[PDB]
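Fold and contact review
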Amino acid sequence: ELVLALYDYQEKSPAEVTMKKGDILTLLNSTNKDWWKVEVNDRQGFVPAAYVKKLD
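Conventions used here
Residues numbered from 1 in each chain as written, not as in the entry; some residues may be left out. Heavy atoms only, no water. Core = buried A, V, L, I, M, F, W, Y, C linked by side-chain atoms within 4.5 Å. Buried < 20%, exposed > 50% of the residue type's maximum accessible area, 1.4 Å probe, protein only. Helix = DSSP H or I, 4+ residues; strand = E, 2+ residues; numbered from the N terminus. Contact = heavy atoms within 4.5 Å. Pairing = 2+ DSSP bridges. Axes fitted to C-alpha atoms, helices over the stretch in contact; angles between N-to-C directions.

Structure determination for the deposited model, as stated in its record, used X-ray crystallography, and the stated resolution is 1.70 Å.

Shown next as C-alpha coordinates:
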(Lines give C-alpha, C1' and ligand atoms only; values in the text may rest on other atoms or scores of the structure.)
Protein backbone atom coordinates (compact mmCIF):
# COMPACT_ATOMS: atom_id res chain seq x y z
CA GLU A 1 0.00 0.00 0.00
CA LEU A 2 0.96 3.66 -0.41
CA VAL A 3 1.54 6.22 2.33
CA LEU A 4 1.93 9.99 2.23
CA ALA A 5 4.84 11.71 3.97
CA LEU A 6 3.28 14.35 6.23
CA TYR A 7 6.63 15.79 7.29
CA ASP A 8 10.21 15.62 6.11
CA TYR A 9 12.39 13.18 8.01
CA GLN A 10 16.17 12.83 8.03
CA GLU A 11 17.55 9.39 8.82
CA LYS A 12 19.44 9.25 12.12
CA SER A 13 20.39 5.56 12.31
CA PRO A 14 21.42 2.70 9.97
CA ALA A 15 17.90 1.26 9.77
CA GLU A 16 16.26 4.59 8.94
CA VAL A 17 15.67 6.31 5.61
CA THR A 18 15.12 9.95 4.62
CA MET A 19 11.92 11.34 3.12
CA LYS A 20 10.49 14.70 2.07
CA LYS A 21 7.05 16.06 2.91
CA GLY A 22 4.65 15.20 0.10
CA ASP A 23 6.57 12.08 -0.95
CA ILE A 24 4.48 9.03 -1.82
CA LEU A 25 6.07 5.97 -0.20
CA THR A 26 5.42 2.24 -0.52
CA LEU A 27 4.61 0.69 2.86
CA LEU A 28 6.70 -2.44 3.46
CA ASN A 29 6.21 -3.28 7.12
CA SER A 30 3.91 -1.71 9.70
CA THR A 31 4.21 -4.33 12.46
CA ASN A 32 5.91 -1.81 14.76
CA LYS A 33 3.63 0.91 16.14
CA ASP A 34 6.32 3.60 16.23
CA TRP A 35 8.44 2.85 13.16
CA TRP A 36 7.29 1.74 9.71
CA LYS A 37 9.51 0.36 6.96
CA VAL A 38 8.96 2.13 3.66
CA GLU A 39 10.47 2.39 0.20
CA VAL A 40 11.32 5.97 -0.72
CA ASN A 41 12.07 6.16 -4.43
CA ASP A 42 14.80 3.51 -4.60
CA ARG A 43 15.76 3.30 -0.91
CA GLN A 44 14.21 1.26 1.91
CA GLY A 45 14.20 1.94 5.63
CA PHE A 46 12.26 3.02 8.69
CA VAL A 47 10.54 6.35 9.37
CA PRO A 48 8.26 7.41 12.22
CA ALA A 49 4.85 5.79 11.74
CA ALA A 50 3.22 9.04 12.87
CA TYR A 51 4.90 10.98 10.05
CA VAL A 52 3.09 9.14 7.27
CA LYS A 53 -0.55 8.62 6.33
CA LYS A 54 -2.00 5.54 4.64
CA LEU A 55 -3.72 6.31 1.35
CA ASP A 56 -5.17 2.80 1.19
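**Overview of the nonpolar core**
Across soluble globular proteins, nonpolar side chains show a tendency to be buried alongside one another. Within the largest apolar cluster, 13 residues are counted, with the highest numbers of intra-cluster contacts made by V3, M19, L25, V38, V40, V47 and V52. Of all the secondary structure elements, the ones that give two or more residues to this core are β1 (2-5), β2 (24-29) and β3 (35-40). With sequence-adjacent residues up to four places away left out, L25 is seen in contact with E1, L2, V3, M19, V38, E39, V40 and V52.

**Looking at the sheet that holds β2**
Ordered by their spatial adjacency, five strands build an open sheet running β4-β3-β2-β1-β5, and the pairing between neighbours is antiparallel. In this open sheet, the two edge strands, each paired with only one partner strand, are β4 (43-48) and β5 (52-54). The sheet shows a mean angle of 45 degrees between the axes of neighbouring strands, direction not considered. Here six bridges tie β3 to β4, and the two strands are oriented antiparallel to one another. Paired with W35 across the two strands is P48, which belongs to β4.

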